[PDB]
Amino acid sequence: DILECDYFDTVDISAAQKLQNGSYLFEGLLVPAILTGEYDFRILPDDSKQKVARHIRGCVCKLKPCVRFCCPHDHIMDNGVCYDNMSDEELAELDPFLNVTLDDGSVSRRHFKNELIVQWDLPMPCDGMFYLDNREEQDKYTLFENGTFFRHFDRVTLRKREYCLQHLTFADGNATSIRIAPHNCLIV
């Protein structure tokens, strides 16, 4: 609906402050009216449309970089399910940084929540996703600032409809740590 904006580059802005000149103030970001629009549908895993309450969405990813998350910013992915159970301790010890490859080909460390706009209301890419642990040689990947995801093993490029990132608990030998990991669909 929003001119020249893929649905997966949008965020729900119904809670944003609607200004006088018609533009919006979304979490400190000025969103021009042209980048906004009403939606009465939300794409689903199968790329079909479903109905939802007439709400206003904004194409914020064209204004500030976005991170394609699987769930709300403070949830953890537990074996493919969004789980809101992070203790204050985990929230403090978790690694909030993502390595994003920029257009000049360089790598930049970015805080997932403060330096990027977390998209969490998008449909789950599929049921039973597997996750990549880039500490293993076959699990390496590249995450571009523009949203493109590249899986090294089979050199396939995934768009925002096919992957999502989320905090996840990894085993540290005989300990445990939380880091953000990408989730892909095995057969989809």
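The first residue of the sequence shown is number 1, and the count goes up from there.
- When the C-alpha B-factors of 17-25 and 162-170 are averaged, 17-25 comes out higher.
- 34-42 and 57-65 differ in mean CA B-factor, and the higher of the two is recorded for 34-42.
- In the deposited coordinates, the residue among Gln119, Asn146, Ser48, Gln138 with the greatest CA B-factor is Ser48.
- In the deposited entry, the Cα temperature factor of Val52 places it in the highest third of its chain's modelled residues.
- Among the modelled residues of its chain, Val11 has a C-alpha B-factor that falls in the middle third, as given in the PDB entry.
- Ranked against the other modelled residues of its chain, the C-alpha B-factor of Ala175 as given in the entry falls in the highest third.
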